[PDB]
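To start, the structure under review is shown below, and the notes come after it.
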Amino acid sequence: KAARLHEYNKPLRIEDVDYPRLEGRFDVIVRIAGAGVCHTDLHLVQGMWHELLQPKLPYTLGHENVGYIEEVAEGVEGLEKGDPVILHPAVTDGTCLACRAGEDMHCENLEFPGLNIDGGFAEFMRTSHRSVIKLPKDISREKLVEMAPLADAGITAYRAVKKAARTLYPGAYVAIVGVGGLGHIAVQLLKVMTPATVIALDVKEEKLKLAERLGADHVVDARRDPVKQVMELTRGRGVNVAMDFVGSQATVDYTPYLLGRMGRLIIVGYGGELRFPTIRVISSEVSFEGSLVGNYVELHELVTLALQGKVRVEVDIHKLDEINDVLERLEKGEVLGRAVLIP
Amino acid sequence: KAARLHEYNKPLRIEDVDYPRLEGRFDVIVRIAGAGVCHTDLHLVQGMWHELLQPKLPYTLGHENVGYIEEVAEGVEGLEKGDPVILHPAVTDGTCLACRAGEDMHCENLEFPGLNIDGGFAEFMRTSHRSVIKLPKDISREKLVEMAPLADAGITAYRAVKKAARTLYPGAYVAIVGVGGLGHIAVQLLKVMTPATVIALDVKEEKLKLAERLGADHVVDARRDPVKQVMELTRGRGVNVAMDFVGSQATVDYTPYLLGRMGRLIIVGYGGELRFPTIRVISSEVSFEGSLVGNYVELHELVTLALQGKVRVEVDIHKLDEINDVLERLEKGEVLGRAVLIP
Amino acid sequence: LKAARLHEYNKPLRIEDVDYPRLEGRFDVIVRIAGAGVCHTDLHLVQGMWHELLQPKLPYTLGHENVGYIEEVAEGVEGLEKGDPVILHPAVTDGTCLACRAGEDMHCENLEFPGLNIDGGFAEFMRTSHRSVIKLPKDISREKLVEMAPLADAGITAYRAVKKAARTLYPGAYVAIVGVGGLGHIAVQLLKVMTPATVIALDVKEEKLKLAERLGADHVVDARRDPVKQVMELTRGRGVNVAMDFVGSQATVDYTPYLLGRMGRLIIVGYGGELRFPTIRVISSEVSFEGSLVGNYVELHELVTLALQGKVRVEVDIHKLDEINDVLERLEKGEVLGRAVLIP
Amino acid sequence: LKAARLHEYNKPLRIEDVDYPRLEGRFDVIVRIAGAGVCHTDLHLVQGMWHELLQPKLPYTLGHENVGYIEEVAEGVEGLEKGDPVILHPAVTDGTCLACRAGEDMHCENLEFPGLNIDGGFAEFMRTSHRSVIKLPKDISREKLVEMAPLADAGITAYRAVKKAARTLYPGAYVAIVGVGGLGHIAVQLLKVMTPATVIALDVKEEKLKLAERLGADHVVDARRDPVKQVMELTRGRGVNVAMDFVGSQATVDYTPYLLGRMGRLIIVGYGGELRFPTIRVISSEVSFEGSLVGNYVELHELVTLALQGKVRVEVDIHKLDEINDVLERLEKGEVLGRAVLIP
Ligand SMILES: NC(=O)c1ccc[n+]([C@@H]2O[C@H](COP(=O)([O-])OP(=O)([O-])OC[C@H]3O[C@@H](n4cnc5c(N)[nH+]cnc54)[C@H](O)[C@@H]3O)[C@@H](O)[C@H]2O)c1
Ligand SMILES: NC(=O)c1ccc[n+]([C@@H]2O[C@H](COP(=O)([O-])OP(=O)([O-])OC[C@H]3O[C@@H](n4cnc5c(N)[nH+]cnc54)[C@H](O)[C@@H]3O)[C@@H](O)[C@H]2O)c1
Ligand SMILES: NC(=O)c1ccc[n+]([C@@H]2O[C@H](COP(=O)([O-])OP(=O)([O-])OC[C@H]3O[C@@H](n4cnc5c(N)[nH+]cnc54)[C@H](O)[C@@H]3O)[C@@H](O)[C@H]2O)c1
Ligand SMILES: NC(=O)c1ccc[n+]([C@@H]2O[C@H](COP(=O)([O-])OP(=O)([O-])OC[C@H]3O[C@@H](n4cnc5c(N)[nH+]cnc54)[C@H](O)[C@@H]3O)[C@@H](O)[C@H]2O)c1
Ligand SMILES: CCCCCCCC(=O)O
Ligand SMILES: CCCCCCCC(=O)O
Ligand SMILES: CCCCCCCC(=O)O
Ligand SMILES: CCCCCCCC(=O)O
Ligand SMILES: [Zn+2]
Ligand SMILES: [Zn+2]
Ligand SMILES: [Zn+2]
Ligand SMILES: [Zn+2]
Ligand SMILES: [Zn+2]
Ligand SMILES: [Zn+2]
Ligand SMILES: [Zn+2]
Ligand SMILES: [Zn+2]
Ligand SMILES: [Zn+2]
Ligand SMILES: [Zn+2]
């Protein structure tokens, strides 16, 4: 069984696929325990990545994966059948210069299960041993599934929060915009990784309440003049860092206007077009900084935090065959935190 | 005598003004030796700063100034009549937190001679002692005048090149876009301050030749598909840093498309609106970073470089009463390097 | 006009009358002292450790960790009036030299330092510069003000040092904080607030190890008992990513470099001991030894913010000014839990 | 199958036959050596300085600064075939541990180092990992290839150290580069290419001071003659922003910390001597002492780029392999101008 995109703007088809083949850079087959559903999956179905990615249809979605080793190629070391694992979403060579510098997402021969090739919305998936991080041998299936969103939502929030932390200090304000699958993790990470005052923005009451439970110092309903609210909270100074974990035209429109002098907007969500006068860029000396997933070391560090119990994903557990219900709900803002699908 | 903006989109009026008053934060009067003409002066006349600055008309323009001390308030130390000086363009308190951190342009009570108040297109100007940098006692009037553009064009290029250098390395490419008053200085500074391969872009043949004389490794005529040219020079990888020292809609349109993976666009020129899809911001993991003039330490470091003979401004010397001819020429692209006006 | 003054090295301070401070020049603020912290540097001062380097005129009043209330101000001083509660940055600087223009108060060319080389805060009143003043909330209680006194030197020093540490700490990294003293017990709290590192605190007194436990250390180690071996066991032989010496004795300067793992960094804050380490080990582990000196004005402001947020709190032992010599004796013996603060 | 091998410490290397290297496991490349640089570390090795730390099996072939031509490769190795000119990073690493995944080759858990602890390049052939190989332009002349040999250890070490230096250098800052040796003469060039600092070069031989002058040093200083006082005069008593010890003797380790100005940084590259400096000076000047260890693969690639651009060039003294012991004698005596490189 697998959930596959045959056509854009249609439901995924839940159907039988062949067992994955060990081949080429794919030397590990994982039995999926939990597969996170990302807003990127909505964008994928919508066709947003067609131009840039040009993938062969059909293919199985799912790029946020935990599971157990099923089978490995001869020569793969340190991995036996049954070993619990989390998967970095990039499959990379380790040979090009970016890889030699540790930047997995900038590797010249990158493949990405669930984005441009078959992913984890399936009973089994192939990946590379270089993408595997081993989890404690005794981890419970329940705890393992709970960690699935660390593989994409969490690692992306973590790298972005690392960026943020560089200019945050006590008394600094950070606006975290969008308390969603990524953003609710970022609220937690901002509190663990910086001493900054955290202002969380969203447009559903239950998500604002989730942000408070997770440590946000202030919450702002962005349906009601978010710039004015944030300017009030910051005594007209604006925020030192804003982080857009939504990426809609709406948020990309207003988030640059949250920034104070030498303010930085970390752009994580996508879909909208950035439009901002350069005279403001220079007169405020602000920056707009993309952040992309994260690297292997960053996933290892985030897994450590989770194992220490310092970050915990809010997870809504569903079955693989419920994927279309879950995607519909995610489009409508009806998923609190992160949905994760299980076989 | 002084050149003053009475009305927007009109020539400046060359007329008699009163001698400046020592008052408030203005405890130094300088006899102007050289006053640089900046493209910002065109933007000022056009009204671009009216909304953000709301200054009282008329006022004298000119924010790129060198001269000799004429008079100082009692209590001003280390400054006598006749001392040659260069002026940092910001007049600041030194008391707010930004100032205590060394960031003059982020000072909460900033004034800026020639931008929002009377400047240096005049025989005399008032400023603060905190804005003064003393030059060698024996400097010739000729050499002093040659240094005038360091006070704004140069310090702005220098801070921006400091930003650039942070991710440049041997084999890295930097595109420097606009070999103008600021940009021709930036070509020199890129070669002194980084080991990067410098690609200079402009749209007048003589400016491309100036860039070659100043050390550009490659030059590109941006009237002929600059993105394609730069992609060819960089074997489809793009540039590690692009620097926009033009700020027109034209350049803001194309400069983000010069960037390679983890590429950074340093935005210096202004006037255009930045418009770029977030899906590209994240998929390339690029950033867009404003740079604003520079701080007092940065001006001191740049003055050192000039005194070492490691940067030299290309200067077109004119009389104060020729200001309107010079502004017309600057609008039309007829000034090689930087015009400087003398009494 | 009572003050505690150093007249001779290796003798008790003299508690005596002195004239009221002169409001003049760069000394454009006089403060009525509310709380004056006692630092291990004060023992070093009395021992004569700073004579060679600072060559101060004797006698002078000690005390460089000060909070109080404005008494009066000179012309041109803005936003300060009699009664305003304040905490003082220990450096008195010009604001004109290049260091000052870059924001590094401790590297100002014309630096004077109340309590170190000129009269300080172990007195009813003390002169300083408005540039050294940070205003506290007008409503603060005297008790809370006094409890903040150690932030002015112990706290700011620990905070700058922890900022240095944080630059290479990450989840799963270990930091050894050595010396849970006046500075060190603050550093334990700051390492938890400012980094995600696993915190191992070392000391030689049981009550200081318990203090570190209450303040959030993940592990504590009694350094009378083979500290390097204990730290190597805790880190599975990898050593620590950052060690921080908040003691500075020969004993600690000798063992702390050996706590470091590969690319490890020793932040040296305490002083008195001589660093001695083979360069072959410096390069083969690629380690660094980095001094840290008090901190700058912005750093004191950030730290005051953390304190007002309730995220850092100093363990204080309050005594009267005229108990100064008894307190210095206790401090030399390791009998002050946290920081002693003197009040009028 | 000729090689220069260490059998006993404090004796000449033995020039003898050895079997051709075994292509196996992580050793998936064999190179025909074209040029093998001789490092001061080779004198330290023969002296037994590394025995304690590395505990290598004797005998083994020295030489860790190598260029050559691919001879053969094992399965799975891409983009390399017999005859390709190459320069070798001196570390042989797995690419799997966390250090490797972060790009720090020198901190890889399973690190092996040809010439230091296993057989090296003072031989006709040497085994290594494809991960250590950087391909040079196919057209390069043998003469130019050999001249690049020192970039593999002397150059990369100077380059990483200069990267560290550059982080706090600015126009008007001074850098003292101490030891215009095999590493140091490269560092002089790199300081000019990579920073805007004023470069003061120190050595104890006239010909090395002239070399530094030709390579662009702004000032040179004969360190037999009160180097600290001469540097203090050059800097108007401020000292240097960065000092770089490319000697590592007790003599230099003793004086180089005293070159530092406020917030100054000593980059320790040379080794052999013991660092000994008062902590009161470490904190009162807020100085740091920072080791630097060879460099990573990306850094070797950047340095090779600078060399191919003509922006750095090594001063080489070319000798035959079987002159190794005469060359080591000259090096111990300070009689090698630049870097000695051995050829077949
Ligand atoms: N850059 C990357 O590496 C990366 C990786 C993964 C996901 N993404 C993108 O990141 C974004 C977030 O993904 P996700 O967390 O799965 O989505 P999500 O779980 O659907 O969360 C989006 C959140 O935004 C909230 N929201 C909607 N409109 C507004 C508004 N106007 N103001 C404030 N909040 C609003 C919404 O209620 C929800 O909580 C999407 O654009 C993803 O495609 C980026
Ligand atoms: N951010 C700051 O602190 C700051 C300070 C000073 C000036 N400015 C701005 O910086 C910009 C440059 O000022 P300046 O150097 O005085 O102006 P300038 O001397 O008029 O130079 C502009 C240069 O851009 C070239 N140019 C025009 N169009 C293009 C094009 N399409 N592609 C490539 N090159 C082109 C032009 O030929 C000229 O050499 C202006 O927008 C100024 O207002 C910014
Ligand atoms: N660099 C600076 O800016 C700066 C500023 C202030 C103070 N200092 C110095 O910093 C050091 C700490 O000052 P303080 O906090 O006032 O001193 P303190 O309060 O006396 O604390 C010293 C602590 O070290 C503990 N200790 C003693 N020996 C050992 C040992 N072998 N191993 C582990 N712990 C031990 C001791 O029990 C006590 O808790 C002193 O050297 C001060 O002079 C430095
Ligand atoms: N950290 C590392 O990764 C690394 C790597 C390679 C070599 N090394 C070491 O770095 C040092 C330099 O190696 P090398 O360049 O091969 O040595 P070298 O070529 O023998 O150069 C040493 C230089 O120091 C000069 N010198 C000697 N005494 C003094 C003095 N008192 N003051 C100033 N100059 C003096 C000497 O004349 C010569 O020019 C040695 O200790 C090597 O073992 C370190
Ligand atoms: C926030 C102040 C903006 C200053 C504009 C400076 C432009 C120039 O110097 O040409
Ligand atoms: C350059 C590759 C782009 C990767 C897109 C990742 C989005 C996600 O993980 O949701
Ligand atoms: C633990 C690794 C030590 C490597 C020492 C390198 C010295 C040299 O390259 O000359
Ligand atoms: C050269 C300045 C030295 C200042 C030493 C500060 C020690 C302390 O604050 O306890
Ligand atoms: Zn995703
Ligand atoms: Zn790669
Ligand atoms: Zn549910
Ligand atoms: Zn200007
Ligand atoms: Zn200010
Ligand atoms: Zn002319
Ligand atoms: Zn103290
Ligand atoms: Zn100063
Ligand atoms: Zn070597
Ligand atoms: Zn490794």
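Chain identifiers are assigned alphabetically (A, B, ...) following the order of the sequence lines, protein sequences preceding nucleic acid strands; residue numbering begins at 1 within each chain.
Using non-hydrogen atoms only and a strict 4.5 Å limit, no part of residues 282-299 of chain B faces chain D. Residues of residues 140-153 of chain B having a heavy atom under 4.5 Å from any heavy atom of chain D: none.
When heavy atoms are compared at a cutoff of 4.5 Å, B:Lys162 does not approach chain D at all.
A 6.0 Å sphere centred on NZ of D:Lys210 holds no more than 12 heavy atoms belonging to other residues, nucleotides or ligands. Annotation: B:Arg237, atom CZ; neighbour count of heavy atoms from other residues, nucleotides and ligands within 6.0 Å does not exceed 12. Around the NE2 atom of D:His107, the shell of radius 6.0 Å holds more than 12 heavy atoms that belong to other residues, nucleotides or ligands.
Between D:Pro196 and B:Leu305, the closest heavy-atom pair is CB-CD2, 4.4 Å.
Between D:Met194 and B:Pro170, the closest side-chain pair of non-hydrogen atoms is not below 4.5 Å.
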